[PDB]
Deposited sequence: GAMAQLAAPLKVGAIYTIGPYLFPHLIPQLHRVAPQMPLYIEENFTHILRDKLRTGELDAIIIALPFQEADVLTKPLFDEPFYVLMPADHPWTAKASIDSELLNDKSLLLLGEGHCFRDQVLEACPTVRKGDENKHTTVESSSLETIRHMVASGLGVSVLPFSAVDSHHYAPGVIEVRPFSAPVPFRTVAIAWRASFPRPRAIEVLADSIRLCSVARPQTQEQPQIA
């Protein structure tokens, strides 16, 4: 106690894969004896589990407000455009958002908050592929199927040799999202939460 027991952390699908690899060793450096029971899911589900006590702390994107749950913004994360290496846009330095409504744009299905954020960053012509992760989308743009949008932390977390996929920033103003941690106020281990947060910011 109180840094001596497993901590149950949830995160949304479009954050966990890109955060945990950085998070775990940084957490380890401060916090050698606490392992993480991890779950990745949609926002509302992580919220329900946070409420029922199945999860102790969740990682979501704003907006997010929950009874008896404290919510601290952790950082901001700009979006980037993902494309095949032979795509015309590779000649551009940045991509204006208005260019993005086109059948060639590949989106997550409903339920993903990132989907709505991307849609809001755009000016109805799209391709939605359900039961998809961001990685699956990266694979299909790598095969030359279309083009997509990623959060910053995901752009280089892949195992593709150079010359397969290219990433270009958005033209100003760059759309982004706000990453935040949530935990319940009555949580008997506040120092575990602070360790978690501090470790997240140092990434």
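Unmodelled segments of the deposited chain, in sequence order: 1-3, 127-133, 214-227.
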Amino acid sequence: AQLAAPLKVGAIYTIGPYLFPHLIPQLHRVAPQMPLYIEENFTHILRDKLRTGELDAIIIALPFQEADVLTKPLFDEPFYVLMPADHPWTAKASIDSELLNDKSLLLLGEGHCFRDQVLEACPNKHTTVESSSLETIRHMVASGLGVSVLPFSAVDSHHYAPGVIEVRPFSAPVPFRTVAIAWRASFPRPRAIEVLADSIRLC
From here on, numbers count along this sequence of modelled residues.
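Legend: mean Cα B-factor per stretch from the PDB entry, 32-40 versus 162-170; the higher mean is in 32-40. For the pair 103-111 and 77-85, the record assigns the higher mean C-alpha temperature factor to 103-111. The deposited CA B-factor of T178 belongs to the lowest third of values across its chain. When the CA B factors of the chain's modelled residues are split into thirds, the value for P63 lands in the highest one. Per the PDB record, residue ranking by Cα B-factor puts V69 in the highest third of the chain. For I193, the recorded CA temperature factor ranks within the highest third of the chain's modelled residues. The PDB entry assigns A185 a C-alpha temperature factor belonging to the highest third of its chain's modelled residues.
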